[PDB]
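Chains as they are written, first to last, in UniProt numbering: chain A, 604 to 816, 831 to 880, 885 to 1027; chain B, 602 to 957, 960 to 1137.
By construction, the Cβ of each residue, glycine as well, lies at the ideal position given by its N, Cα and C atoms.
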Ligand SMILES: N#Cc1ccc2c(Oc3ccc(OS(=O)(=O)F)cc3OCCn3ccc(=O)[nH]c3=O)cccc2c1
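In structure tokens, the structure reads:
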């Protein structure tokens, strides 16, 4: 099979990203994985004439007791795919977000059966690192379509469309969308009917040579409503926090009636709700009930996700592209009795938000994560169960607005 | 020389060097021809002249004299034009991470670059010229067959070549560990000394069969080894002796160098401080201006002079015995730590300083993070921690902090100064306590301002302020309300800045006002701060 030629964006040079230091455990797992890969043709050792590099990591995908290699191809994706969303794009179905159940099948192993353009392999270099700078580091490049690269499913989509065509014929109501290594498969069936259909698709893929080794429900109540507290008795400081919350929402919603509620008592003194005050409160709860105006998804600008830690395992998030023009807000919360911690919750939340973002727009967002950069860079792999990796950056000034999104 | 070459191409769309050969003395020309025929005799440079349009300058000099001159080539114009390579050793192994071997040998490899071949189709770009008498007579033209001295590709290609030559001997000798550095090999083994020396001779012979020469005498001086500013003894490591100078005046350069040597020493000497001594550097980047030493910095320099008077050593790493790090607070944002496996000899030491209103527990957490990173680099695992903080203190801080934080396996140590939380604001307002509606304001131009309060009981104060800012007066209003209230007080400000600073629960600051506010918040019993729009 001939190779699809890959000529990346003019003037752009290849990735030159440093490799993170790793635990001995993970270095050993990487050496094992890569020795089998070299033995099978998928990667080859390289020399000093190849200056590029692309980070690698060891994770455990889908709660397995066996390791898995994860290549961070973000830099190479920006440097090639920004002309391979154009030349070889995969169109994103606008109806996948509307099916009542959506399952995510991993179909990554597929790419390993297709060779990669020889002139391109240089740019898939990666270093398995040594401890204490003791040995040079082991240098590989790919000879087959690598998982994690956005060009692989692009190149493979002709094959994927052909393999899937008999199923798509037998099931014309089902939606199938390929994001990098996963088919997202949506249906309006009962959950058991849906599971039956998903296993039929598994066996259809299998009897065509695609090995494949947890459902979403995107009737998920898009941008969530904020509610004012409801109380039998209203104190001075209750009126104060209510006023302050309602003034912050003047940035998102325009028509919050304020003055009737703004009219040197002690904080704990209970002030009775005026007729004009309860009038303004009702008008404001109503003007909050409805969704926002002018909020439309622009497909030229990037998506932005912000997360806030709420305590007791709760986390709120907003996804937007213009401030206060939220495209989607929601709330994540880990298991009630499970042994979890902050960074575990942050990682599962980032993953959940990214999957939602794929289902809805076919793009991932850039995260503004509430966490020390070096902490995240050290611990994010320990719970990362996904094969893609979103862009991110770190917040260090806190929201003195914390409750306003709870 | 039977070594497989590495293919090298030029940066895309460039030609080779066509530089001028600015002639020099005839005696230099004679010395150059002597060394050039002696280097051709060994096939390192072959002489082909006619159809090569490329040229690179050549100079001659004597530095370390065996009664002989030496030839060198300014390869700048060629280096600028050749492709990038895989970089280099990107840093140094730390001695604390080495594992003791019963023997180690150092092997300096000889004319390393000149005994590794250069890719054939690239050799034309190394071409250079010798003139006779200022272009009155033509000169002789050469090119290189081997890695030229100081060319961009020589180090990484020599590393790759040496690694490949080593791996056959490495595979017929799994009991032996070979480490590479720019020109050296370090060979360690737990073989009996006679066997270790037989293997070192076998390795030398192996390398000789590939063109690489090696010290034929007794090998590089026995331990201790003076390597990369370290001293490596068969059972310990330390830094090479660090001598701080005593002088009257100090330029910014001299304090830069003193701060540097102190940081270097801090990896094994426990207790070194650099806070008040580099507070001098932040002023500007002017190189030769003389800086007056402060009194704090003078005590700091003396204090380091003392803790540096007696030598200290570190041990090497035992992978069978677990890894421990223990942390201590020092002072003005300064922390130290020790990493050990046993109680009388550290693997290494170190210090953490704060960069930027700060908090002790958050600072400890950043120290744990710096150490965790270093541990993963040096040894490939993370230490178990010994921290001067209590599980309830820390559990309280991280359950309330706005960032996520990873709190590794840690055990509490009761060495003072303990790390604690000194005050905690109320979550809900306080019944029975006075309420202070505080505000403050300055003027951007006149730098005059006011701070004041009105309380629900009818109490009112206004105090004037000179040389202040809106934020300074905003905090001064809160300070007034704390000064003039009882042990329970509700305070109401319209200053996001103020509420942010104070809600951060800082412990100290480089701002005396916030320190007085902190001492009040410690003195008070229940304080509920609250915010309203301006
Ligand atoms: N010039 C120079 C120089 C010399 C030697 C170096 C060096 O030796 C070693 C090589 C492999 C080793 O094996 S390993 O890392 O466990 F796999 C362990 C090693 O020396 C660590 C323990 N040590 C050290 C000295 C000693 O006398 N006695 C002893 O015990 C390592 C790095 C840099 C070196 C630089």
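Asked                                                                                                                                    : Found
DSSP state of residue 633/A mapped onto helix, strand, coil                                                                              : helix
Beta-bridge pairing of residue 1042/B - partner residues as DSSP gives them                                                              : 1055/B
For residue 939/B, the three-state DSSP class (helix, strand or coil)                                                                    : strand
Inter-residue spacing [alpha-carbon to alpha-carbon] between residue 770/A and residue 782/A                                             : 18 Å
Three CB pairs or more closer than 8 Å across the stretch 791-800 of chain A and the stretch 845-853 of chain A                          : no
Residues near residue 963/B by beta carbon distance below 6 Å, same chain, minus five either side                                        : 1022, 1110
Neighbour list for residue 1032/B in chain A, Cβ cutoff strictly below 9 Å                                                               : 852, 853, 854, 887, 888, 889
Residues of the stretch 689-700 of chain B whose Cβ lies closer than 8 Å to any Cβ of chain A, in chain order                            : 690, 691, 692, 693, 694, 695, 698, 699
Span separating the alpha-carbon of residue 983/A from that of residue 791/A                                                             : 20 Å
Neighbouring residues, chain A, relative to residue 1073/B (Cβ below 9 Å)                                                                : Within chain A, no residue comes near residue 1073/B; the closest Cβ sits about 17 Å away, beyond 9 Å.
Contact with chain B by residue 736/A, beta-carbon distance below 7 Å                                                                    : yes
Cutoff 7 Å: residue 1040/B Cβ touching any chain A Cβ                                                                                    : yes
Reference residue 956/B; option with closest CA among 950/B, 1028/B, 934/B, 699/B                                                        : 934/B
Complete alpha helix (DSSP H) runs within the stretch 615-680 of chain B (minimum length 4 residues, chain order)                        : 627-642, 677-680
Inter-residue Cα distance where the pair is residue 609/B and residue 612/A                                                              : 24 Å
From 843/B, 915/B, 1008/B, 753/B, residue whose alpha carbon lies closest to that of residue 676/B                                       : 753/B
Any non-hydrogen atom of ligand 1 closer than 6 Å to residue 833/B Cβ                                                                    : yes
Pair within 7 Å by beta-carbon distance, residue 878/B and residue 892/B                                                                 : no
Inside the stretch 971-1056 of chain B only - beta strand (DSSP E) runs reaching at least 3 residues                                     : 987-990, 1013-1015, 1037-1045
Cβ-Cβ distance between residue 674/A and residue 785/A below 7 Å                                                                         : no
Residue 719/A - DSSP class collapsed to helix/strand/coil                                                                                : coil
Listed by chain order, chain A residues near residue 1136/B by CB distance under 8 Å                                                     : 860, 861, 864
Any chain B beta carbon closer than 7 Å to residue 1021/A                                                                                : yes
Min CB distance residue 633/A to chain B below 7 Å                                                                                       : no
Buried versus exposed, by CB contacts within 10 Å (16 or more), residue 672/A                                                            : buried
For residue 728/A and residue 883/A, believed in contact at Cβ under 8 Å, the rounded distance                                           : Missing here is residue 883/A; chain A as given proceeds from 880 to 885 without the residues in between.
Residues from the stretch 915-944 of chain B in contact with chain A, defined by Cβ distance under 8 Å                                   : none
Against chain A: residues of the stretch 1073-1101 of chain B by CB proximity under 8 Å                                                  : 1093, 1095, 1099
Contacts around residue 780/A, its chain only, beta-carbon distance under 6 Å, and the 5 residues preceding and following it disregarded : 696, 699, 787
Residue-level contact to chain A via CB, residue 686/B, 7 Å cutoff                                                                       : yes
Buried versus exposed, by CB contacts within 10 Å (16 or more), residue 827/B                                                            : exposed
Exposed unless 16 or more other CB atoms sit within 10 angstroms - verdict on residue 881/A                                              : For residue 881/A, no position is available: the coordinates of chain A end at 880 and pick up again at 885.
DSSP state of residue 693/A mapped onto helix, strand, coil                                                                              : coil
Uninterrupted beta strand (DSSP E) stretches inside the stretch 1058-1125 of chain B (no shorter than 3 residues)                        : 1063-1069, 1091-1096
Residue 1002/B beta carbon less than 7 Å from that of residue 1045/B                                                                     : no
Nonlocal neighbours in the same chain, by C-beta distance under 6 Å from residue 672/B, ignoring five residues either side               : 633, 636, 661
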